[PDB]
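Asks: Just query.csv, nothing more (CSV, C-alpha atoms and all ligand atoms):
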```
chain,number,residue,atom,x,y,z
A,1,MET,CA,12.9,58.6,77.3
A,2,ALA,CA,15.2,59.7,80.1
A,3,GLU,CA,18.6,61.6,80.0
A,4,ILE,CA,21.5,60.8,82.4
A,5,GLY,CA,24.4,63.0,83.6
A,6,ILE,CA,27.3,60.6,84.4
A,7,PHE,CA,29.7,62.5,86.7
A,8,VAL,CA,33.2,61.2,87.4
A,9,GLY,CA,35.8,61.5,90.1
A,10,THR,CA,39.3,60.0,89.4
A,11,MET,CA,43.1,60.7,89.4
A,12,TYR,CA,44.1,57.5,87.3
A,13,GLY,CA,41.2,56.8,84.9
A,14,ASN,CA,39.9,53.4,86.2
A,15,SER,CA,36.5,54.8,87.4
A,16,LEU,CA,36.3,56.9,84.2
A,17,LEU,CA,36.6,53.6,82.1
A,18,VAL,CA,33.5,52.3,84.0
A,19,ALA,CA,31.7,55.7,83.4
A,20,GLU,CA,32.4,55.5,79.6
A,21,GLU,CA,30.9,51.9,79.7
A,22,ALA,CA,27.9,53.3,81.7
A,23,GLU,CA,27.3,56.0,79.1
A,24,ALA,CA,27.5,53.4,76.3
A,25,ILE,CA,25.0,51.0,78.1
A,26,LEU,CA,22.4,53.7,78.8
A,27,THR,CA,22.8,55.0,75.2
A,28,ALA,CA,22.3,51.4,73.8
A,29,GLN,CA,19.1,51.0,76.0
A,30,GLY,CA,18.0,54.4,74.4
A,31,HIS,CA,18.5,57.0,77.2
A,32,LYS,CA,20.4,60.2,76.4
A,33,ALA,CA,23.4,59.7,78.7
A,34,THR,CA,26.5,62.1,78.9
A,35,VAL,CA,29.8,61.3,80.8
A,36,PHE,CA,31.7,64.2,82.5
A,37,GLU,CA,35.4,63.5,83.3
A,38,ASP,CA,35.9,67.1,84.8
A,39,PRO,CA,32.4,68.1,86.1
A,40,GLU,CA,30.9,71.3,87.6
A,41,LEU,CA,27.6,72.4,89.2
A,42,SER,CA,26.8,74.0,85.8
A,43,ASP,CA,26.8,70.4,84.3
A,44,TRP,CA,24.9,68.8,87.3
A,45,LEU,CA,22.1,71.5,87.1
A,46,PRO,CA,20.4,70.4,83.7
A,47,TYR,CA,19.3,67.0,85.3
A,48,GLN,CA,17.4,67.9,88.6
A,49,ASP,CA,14.1,67.6,86.6
A,50,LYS,CA,15.5,64.2,85.2
A,51,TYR,CA,18.1,61.6,86.6
A,52,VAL,CA,21.9,61.5,87.3
A,53,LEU,CA,24.6,58.9,88.2
A,54,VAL,CA,28.0,58.9,89.9
A,55,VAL,CA,31.3,56.9,89.1
A,56,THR,CA,33.9,58.0,91.7
A,57,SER,CA,37.0,56.9,93.7
A,58,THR,CA,39.2,57.9,96.8
A,59,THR,CA,42.5,59.9,97.4
A,60,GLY,CA,44.8,61.5,100.1
A,61,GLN,CA,43.9,60.5,103.7
A,62,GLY,CA,40.5,59.1,102.4
A,63,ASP,CA,39.3,62.3,100.6
A,64,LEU,CA,37.4,62.8,97.3
A,65,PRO,CA,39.5,63.0,94.1
A,66,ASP,CA,40.4,66.6,93.2
A,67,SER,CA,38.6,66.1,89.8
A,68,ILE,CA,35.2,66.0,91.8
A,69,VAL,CA,36.0,68.2,94.9
A,70,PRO,CA,34.6,71.3,93.0
A,71,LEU,CA,31.4,69.4,92.2
A,72,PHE,CA,31.1,68.1,95.8
A,73,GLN,CA,31.7,71.6,97.3
A,74,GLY,CA,29.4,73.3,94.6
A,75,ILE,CA,26.4,71.0,95.3
A,76,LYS,CA,27.0,71.1,99.1
A,77,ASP,CA,27.2,75.0,99.3
A,78,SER,CA,25.4,76.4,96.2
A,79,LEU,CA,22.5,73.9,95.7
A,80,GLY,CA,21.9,72.7,99.3
A,81,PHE,CA,18.6,70.7,98.8
A,82,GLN,CA,17.4,68.0,96.2
A,83,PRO,CA,14.2,66.2,97.3
A,84,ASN,CA,13.3,65.0,93.7
A,85,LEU,CA,16.9,64.1,92.5
A,86,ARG,CA,17.0,60.4,91.5
A,87,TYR,CA,20.2,58.5,90.8
A,88,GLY,CA,22.7,55.6,91.2
A,89,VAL,CA,26.3,55.3,92.3
A,90,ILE,CA,29.4,53.2,91.5
A,91,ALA,CA,32.5,53.7,93.7
A,92,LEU,CA,36.0,52.3,92.9
A,93,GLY,CA,39.2,51.9,95.0
A,94,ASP,CA,41.7,49.7,96.8
A,95,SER,CA,40.3,47.1,99.4
A,96,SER,CA,43.8,47.1,101.3
A,97,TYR,CA,42.8,50.1,103.5
A,98,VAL,CA,40.1,51.3,106.0
A,99,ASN,CA,38.8,54.2,103.7
A,100,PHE,CA,37.4,51.5,101.2
A,101,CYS,CA,35.5,53.7,98.6
A,102,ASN,CA,35.3,56.6,101.2
A,103,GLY,CA,35.5,59.3,98.4
A,104,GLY,CA,32.6,57.7,96.4
A,105,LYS,CA,30.6,57.2,99.7
A,106,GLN,CA,31.0,60.9,100.5
A,107,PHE,CA,29.5,61.7,97.0
A,108,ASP,CA,26.4,59.4,97.8
A,109,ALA,CA,26.2,61.2,101.2
A,110,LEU,CA,26.2,64.6,99.3
A,111,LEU,CA,22.8,63.6,97.9
A,112,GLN,CA,21.2,61.8,100.9
A,113,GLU,CA,22.1,64.8,103.1
A,114,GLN,CA,19.9,66.7,100.5
A,115,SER,CA,17.0,64.2,100.5
A,116,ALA,CA,17.7,62.7,97.0
A,117,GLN,CA,16.1,59.3,96.3
A,118,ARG,CA,18.4,56.7,94.7
A,119,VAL,CA,17.0,54.1,92.3
A,120,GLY,CA,19.4,51.3,93.5
A,121,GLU,CA,22.3,50.4,95.8
A,122,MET,CA,25.9,51.7,95.6
A,123,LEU,CA,28.4,49.4,93.8
A,124,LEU,CA,31.8,49.0,95.6
A,125,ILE,CA,34.8,47.9,93.3
A,126,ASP,CA,38.0,46.5,94.8
A,127,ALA,CA,40.6,47.3,92.0
A,128,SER,CA,43.6,45.6,93.8
A,129,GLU,CA,41.9,42.2,93.5
A,130,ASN,CA,39.4,43.1,90.6
A,131,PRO,CA,41.5,44.0,87.4
A,132,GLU,CA,38.3,43.8,85.2
A,133,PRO,CA,35.9,46.4,86.7
A,134,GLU,CA,33.7,46.4,83.6
A,135,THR,CA,32.5,42.9,84.7
A,136,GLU,CA,31.5,44.4,88.2
A,137,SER,CA,29.6,47.4,86.7
A,138,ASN,CA,28.2,46.7,83.3
A,139,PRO,CA,25.3,44.4,84.5
A,140,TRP,CA,24.7,46.9,87.4
A,141,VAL,CA,24.2,49.8,84.8
A,142,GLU,CA,22.2,47.5,82.5
A,143,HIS,CA,19.8,46.7,85.5
A,144,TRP,CA,19.7,50.3,86.8
A,145,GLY,CA,18.9,51.5,83.2
A,146,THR,CA,15.6,49.4,83.3
A,147,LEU,CA,14.4,51.5,86.3
A,148,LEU,CA,14.4,54.8,84.3
A,149,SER,CA,11.5,56.1,82.1
B,201,LIG,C1,46.8,58.6,98.6
B,201,LIG,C2,45.8,57.5,98.0
B,201,LIG,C3,45.4,56.6,98.9
B,201,LIG,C4,44.4,55.6,98.4
B,201,LIG,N1,43.9,54.7,99.4
B,201,LIG,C5,42.6,54.2,99.1
B,201,LIG,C6,41.7,53.7,100.2
B,201,LIG,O1,41.9,53.7,101.4
B,201,LIG,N2,40.5,53.3,99.7
B,201,LIG,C7,40.1,53.2,98.5
B,201,LIG,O2,39.1,52.7,98.3
B,201,LIG,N3,41.0,53.6,97.5
B,201,LIG,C8,42.2,54.2,97.7
B,201,LIG,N4,42.9,54.8,96.8
B,201,LIG,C9,42.6,54.5,95.3
B,201,LIG,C10,43.7,53.7,94.6
B,201,LIG,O3,44.6,54.6,93.9
B,201,LIG,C11,43.1,52.7,93.5
B,201,LIG,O4,44.2,51.9,93.0
B,201,LIG,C12,42.2,53.2,92.4
B,201,LIG,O5,41.7,52.1,91.7
B,201,LIG,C13,42.9,54.1,91.3
B,201,LIG,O6,42.0,54.3,90.2
B,201,LIG,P1,40.9,55.5,90.2
B,201,LIG,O7,41.4,56.8,90.6
B,201,LIG,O8,40.4,55.6,88.8
B,201,LIG,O9,39.8,55.0,91.1
B,201,LIG,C14,43.9,55.6,97.1
B,201,LIG,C15,44.4,56.6,96.3
B,201,LIG,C16,45.4,57.6,96.7
B,201,LIG,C17,45.8,58.7,95.7
```
The structure in this file should be written as structure tokens.
Ligand SMILES: Cc1cc2nc3c(=O)[nH]c(=O)nc-3n(C[C@H](O)[C@H](O)[C@H](O)COP(=O)(O)O)c2cc1C
Replies:
Amino acid sequence: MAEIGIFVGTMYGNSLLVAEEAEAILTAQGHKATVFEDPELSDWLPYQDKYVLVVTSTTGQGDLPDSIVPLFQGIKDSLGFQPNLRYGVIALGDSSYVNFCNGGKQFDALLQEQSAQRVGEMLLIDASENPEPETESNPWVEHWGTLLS
């Protein structure tokens, strides 16, 4: 039975709420999930022989949240290649602007630039018109969790 590192990138907690639901769903299906609200390469590392998943957002001029910048730089510069990494991605932000989920999209790109192999398609939550993001992400995690071991 699989184990899932559930790495988070936020400055306001809305993507973190979805990550806590994602951990609960995978745990209920039977997989040993673990959510990380303040992650590091040291917590990403234990899952390269396994599976991982991302729940992230956007900040500044369209940059990654500072809570996941040290994970994004760490994997980019001190890991470099991941041909056997398997995962899934949820991204969350405001639809009112051109950088729609651009910080979460950069974290999916962190893994495709390293030859990882996602077990699904990236979910894009529009918080400014979607005040119940659980309803946009729970059936997505329940589905993705059937594609594990
Ligand atoms: C400076 C700034 C600009 C933002 N502009 C965007 C944007 O262009 N695209 C987007 O998807 N999210 C954007 N966001 C994210 C919003 O804050 C959004 O309301 C989000 O849901 C906040 O919750 P989160 O951090 O948990 O995701 C921006 C955040 C900040 C700090």
Asks: Can you pull out every residue within 7 Å of range 65-71 of chain A, counting only C-alpha atoms, but drop anything in the same chain fewer than 2 positions away, and send it as number ranges by chain?
Replies: A: 8-11, 38-41, 57-59, 63, 73-75, 103
Asks: List as a VMD selection string the protein and nucleic acid residues lying within 6 Å of ligand LIG 201 (chain B), with all atoms listed in the file counted.
Replies: chain A and resid 10 to 15 57 to 60 62 92 to 95 97 to 101 127
Asks: I need the residue nearest residue 113 in chain A from this list: A:44, A:7, A:81, A:72. Use all atoms listed in the file for the distance.
Replies: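 Smallest separation from residue 113 in chain A among the options: A:81.
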Asks: Report as a tab-separated table the residues of range 12-104 of chain A within 10 Å of range 136-149 of chain A, each with its shortest atom pair and distance in Å (one decimal), using all atoms listed in the file, ordered by chain and increasing residue number.
Replies:
```
residue	atom	partner	partner_atom	distance
A:18	CA	A:137	CA	6.8
A:19	CA	A:137	CA	9.2
A:21	CA	A:138	CA	6.9
A:22	CA	A:141	CA	6.0
A:23	CA	A:141	CA	9.0
A:24	CA	A:138	CA	9.7
A:25	CA	A:142	CA	6.3
A:26	CA	A:145	CA	6.0
A:27	CA	A:145	CA	9.6
A:28	CA	A:142	CA	9.5
A:29	CA	A:145	CA	7.2
A:30	CA	A:145	CA	9.3
A:31	CA	A:145	CA	8.1
A:50	CA	A:148	CA	9.5
A:51	CA	A:148	CA	8.1
A:53	CA	A:141	CA	9.7
A:55	CA	A:137	CA	9.9
A:86	CA	A:148	CA	9.5
A:87	CA	A:144	CA	9.1
A:88	CA	A:144	CA	7.5
A:89	CA	A:141	CA	9.5
A:90	CA	A:137	CA	7.5
A:91	CA	A:137	CA	9.9
```
Asks: Which polymer residues, whether protein, DNA or RNA, lie within 12 Å of the coordinate (12.3, 70.2, 100.1) when you count only C-alpha atoms? List them as a VMD selection string, using the chain letters and numbers from the file.
Replies: chain A and resid 79 to 85 113 to 116
Asks: Find, counting all atoms listed in the file, the residue in A:47, A:54, A:61, A:4 that gets nearest to residue 122 in chain A.
Replies: A:54
Asks: Do you have the CA of residue 131 in chain A-CA of residue 33 in chain A distance handy?
Replies: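 Pair CA of residue 131 in chain A / CA of residue 33 in chain A returns 25.5 Å.
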Asks: One number please: CA of residue 20 in chain A to CA of residue 35 in chain A, in Å, one decimal.
Replies: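 Computed distance, CA of residue 20 in chain A to CA of residue 35 in chain A, equals 6.5 Å.
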Asks: What's the separation between CA of residue 105 in chain A and CA of residue 34 in chain A, in Å to one decimal place?
Replies: 21.8 Å
Asks: Supply range 86-98 of chain A as a tab-separated table (two decimals), keeping the file's coordinate frame, with N, CA, C and O atoms built in where the input has gaps.
Replies:
```tsv
chain	number	residue	atom	x	y	z
A	86	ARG	N	16.93	61.85	91.54
A	86	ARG	CA	17.00	60.40	91.50
A	86	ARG	C	18.23	59.94	90.74
A	86	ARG	O	18.60	60.55	89.74
A	87	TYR	N	18.87	58.89	91.24
A	87	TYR	CA	20.20	58.50	90.80
A	87	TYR	C	20.65	57.09	91.08
A	87	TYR	O	19.86	56.24	91.47
A	88	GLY	N	21.95	56.83	90.90
A	88	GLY	CA	22.70	55.60	91.20
A	88	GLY	C	24.17	55.90	91.36
A	88	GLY	O	24.63	56.95	90.90
A	89	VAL	N	24.92	55.02	92.02
A	89	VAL	CA	26.30	55.30	92.30
A	89	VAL	C	27.19	54.01	92.18
A	89	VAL	O	26.86	52.93	92.69
A	90	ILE	N	28.34	54.20	91.55
A	90	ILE	CA	29.40	53.20	91.50
A	90	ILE	C	30.63	53.91	92.12
A	90	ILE	O	30.97	55.05	91.80
A	91	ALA	N	31.29	53.21	93.04
A	91	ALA	CA	32.50	53.70	93.70
A	91	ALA	C	33.63	52.61	93.46
A	91	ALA	O	33.36	51.41	93.38
A	92	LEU	N	34.87	53.08	93.34
A	92	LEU	CA	36.00	52.30	92.90
A	92	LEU	C	37.26	52.64	93.71
A	92	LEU	O	37.59	53.81	93.84
A	93	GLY	N	37.98	51.64	94.22
A	93	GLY	CA	39.20	51.90	95.00
A	93	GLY	C	39.92	50.59	95.39
A	93	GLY	O	39.63	49.50	94.91
A	94	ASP	N	40.87	50.75	96.30
A	94	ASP	CA	41.70	49.70	96.80
A	94	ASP	C	41.19	49.15	98.16
A	94	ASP	O	41.14	49.88	99.15
A	95	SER	N	40.83	47.86	98.20
A	95	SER	CA	40.30	47.10	99.40
A	95	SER	C	41.38	46.98	100.53
A	95	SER	O	41.01	46.56	101.63
A	96	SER	N	42.65	47.32	100.30
A	96	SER	CA	43.80	47.10	101.30
A	96	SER	C	43.71	48.04	102.50
A	96	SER	O	44.51	47.84	103.42
A	97	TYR	N	42.82	49.03	102.54
A	97	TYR	CA	42.80	50.10	103.50
A	97	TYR	C	41.39	50.45	104.05
A	97	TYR	O	40.38	50.17	103.39
A	98	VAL	N	41.32	51.08	105.23
A	98	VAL	CA	40.10	51.30	106.00
A	98	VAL	C	39.10	52.27	105.24
A	98	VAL	O	37.88	52.06	105.31
```
